[PDB]
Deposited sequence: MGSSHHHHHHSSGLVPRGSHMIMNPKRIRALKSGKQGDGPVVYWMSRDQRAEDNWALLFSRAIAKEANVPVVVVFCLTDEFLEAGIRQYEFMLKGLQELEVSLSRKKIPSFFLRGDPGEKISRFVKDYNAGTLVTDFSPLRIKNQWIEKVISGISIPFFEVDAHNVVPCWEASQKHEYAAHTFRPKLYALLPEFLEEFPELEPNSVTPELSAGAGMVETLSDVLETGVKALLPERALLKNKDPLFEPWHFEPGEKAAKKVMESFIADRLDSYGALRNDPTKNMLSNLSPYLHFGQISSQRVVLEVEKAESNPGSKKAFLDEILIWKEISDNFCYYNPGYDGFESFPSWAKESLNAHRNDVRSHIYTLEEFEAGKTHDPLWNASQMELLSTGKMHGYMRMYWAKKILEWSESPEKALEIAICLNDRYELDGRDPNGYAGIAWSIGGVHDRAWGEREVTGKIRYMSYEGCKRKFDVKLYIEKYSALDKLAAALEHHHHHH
């Protein structure tokens, strides 16, 4: 392995027990530097390796959609892990408390976890550390270049980062060694329970039939690769030319998978790098899964207040501040955005996409978020509403990409200043009639007339 992928959280004396992978971000058996390094740590100690996963009360914040998607992936995983002689454990409760006392009851010798920049994982690590005595290691198994090596600071923009990332690629774009099995050694309750809790929340139509359409993305690792293979076969060729067209389905659709870690962007890059297509579409594509995915981890990592206004740049703040007192053309409540009840049938279209399919088109996520700012009573409330709805309804929600992209949208983060307007100040602008020139908006709107 490349040792720069490991960062020791806590130094201690190794016990003669198992090596415990605390799986959290990367829910896949294959192409997992964290599970691979736990195996290795467990090989040269003549100890087994085990995976432990903590199911927290964070599901009641979102929807059945994300909760099945994650719990069906887990159920596949369990078989995969088990076929490698790796037992996998499922703790119901609070990582800080639960993993600690688990490390206790099993006499773990070493503790490993994947990397994730979201505030709450630092809280749980920091509590975990304060209650164990064995080494605690962290591995970046989500980014091609570990987040702390691509950049030490907050990168102001894509092209300040892009050079630093691309110097390090020859060294970190490597092949994955295969998970060598162990030599020595209840999820269906958890599903049916958690579903009965979420059920009063489900998004129904005027009739009981649920809004959510689950047949657009199957969960799991096996699914995730048939999406990557199909992309490379079918859509990668035209990606750079038709990605901004919400009517052609040319996106890679891999983002529900990556969020849950059911597939490795490192594998995707390896596979794309070796595919033969339009160079500009590889170039377009690598830049999203390479520069924009990982600058998003950098954003949350180096700015703990990423889900708030303060993390904007001083020009964006100063600008939005001066237009706090402007007269909003319209003002809608959260409930009114949430139900696609604005004057903008194109905007209600996109929210209709988000509502029923669980994934809004990459281009329309920009428009949808800017109009939220334009038609709310304050930037803070606009952030508050874009965050809530992105996370409540998007299958890829609750993700660094999420905050890094609402922050681009509402706040200039990783962007520049444009001509000054009412309400929006100097934040980039998007218009109905700018979409008219780029794609058949009449056709998007027709797709989604599920407003009942």
Would you mind checking the deposited sequence against the model and listing the stretches with no C-alpha coordinates? 1 to 22, 208 to 218, 486 to 498
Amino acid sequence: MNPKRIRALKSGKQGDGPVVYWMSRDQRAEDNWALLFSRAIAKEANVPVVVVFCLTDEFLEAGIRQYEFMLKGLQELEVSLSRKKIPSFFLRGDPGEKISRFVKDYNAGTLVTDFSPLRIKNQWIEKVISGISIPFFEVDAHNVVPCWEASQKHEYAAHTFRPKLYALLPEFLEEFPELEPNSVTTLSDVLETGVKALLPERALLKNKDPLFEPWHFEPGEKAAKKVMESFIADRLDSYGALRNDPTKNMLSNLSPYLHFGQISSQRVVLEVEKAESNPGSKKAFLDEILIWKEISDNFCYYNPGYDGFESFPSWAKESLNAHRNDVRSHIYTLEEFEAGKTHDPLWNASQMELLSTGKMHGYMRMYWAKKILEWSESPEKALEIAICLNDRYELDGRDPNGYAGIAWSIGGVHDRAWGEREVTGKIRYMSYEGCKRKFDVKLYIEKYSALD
From here on, numbers count along this sequence of modelled residues.
Please work out which of 212 to 220 and 89 to 97 has the higher mean CA B-factor as recorded in the PDB entry. 89 to 97
Please work out which of 80 to 88 and 244 to 252 has the higher mean CA B-factor as recorded in the PDB entry. 80 to 88
Hey, out of 201, 310, 294, 140, whose CA B-factor is highest in the deposited coordinates? 201
C-alpha B-factor winner, where the candidates are 41, 395, 386, 404: 41
Split into thirds by Cα B-factor across the chain's modelled residues, where does residue 102 land: lowest, middle or highest? highest
Select lowest, middle or highest to describe the third in which the CA B-factor of residue 305 falls within its chain in this entry. lowest
Grab the CA temperature factor for residue 230 from the record and place it in the lowest, middle or highest third of its chain. middle
Ordered by C-alpha B-factor within the chain, which third holds residue 408? Give me lowest, middle or highest, please. lowest
If you rank every modelled residue in this chain by C-alpha B factor, which third holds residue 362: lowest, middle or highest? lowest
